[PDB]
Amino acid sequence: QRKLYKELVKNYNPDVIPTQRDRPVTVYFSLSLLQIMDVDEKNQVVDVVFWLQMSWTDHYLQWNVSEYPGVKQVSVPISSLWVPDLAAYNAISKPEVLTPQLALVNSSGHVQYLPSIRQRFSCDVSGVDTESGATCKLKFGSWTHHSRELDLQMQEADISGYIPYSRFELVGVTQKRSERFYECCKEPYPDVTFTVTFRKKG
């Protein structure tokens, strides 16, 4: 019934970005803030819990919807396939993934990974009591592949996920991707930056 798995992994090396030369693997990135845990005004850091949304197309993982019974989509362990090496640029703590590390794959080869993470970032929380509000920037981006290899494209930033209570309230979330040439390598480097603004409830 599911010899599909045996086949999908057969000739697969997850350390290889599935590019079809000059055809950069495009990954649709998106972050959804769930809650702001703490704010260390003393050391300038915020504890955040978010919901990463990543989707890309792995040509190595497609199959004939017919050659296999009624197998539309399968559930695979991220440790089995290639997954975007996105990293938090201003992080000061290792990311702690809260949810099961599993991804969904199409019969056509479309992967979807939605981990819930709690991670701490370096940020200026000076004006977290002022009505103006403290602003934190969460910069994400590939850690090794450039624009031609891995193309980052941000999608609709969902904010309806934020906790209703919570000691803090969201004043605004921006999100904007930028490509920077970096002094070297003819190839640019993309990155999505979520700008979160919040203030203590009073």
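When you see a residue number, it is the position in the sequence shown, counting from 1.
Stretches 47-55 and 171-179 differ in mean CA B factor, with 171-179 having the higher one. Remark: stretch with higher mean C-alpha B factor among 125-133 and 95-103 is 125-133.
In the deposited entry, the Cα temperature factor of residue 70 places it in the highest third of its chain's modelled residues. In the PDB entry, residue 142 places in the lowest third of its chain by CA B-factor. Per the PDB record, residue ranking by Cα B-factor puts residue 13 in the middle third of the chain. Among all modelled residues in its chain, residue 159 ranks in the highest third by Cα B-factor.
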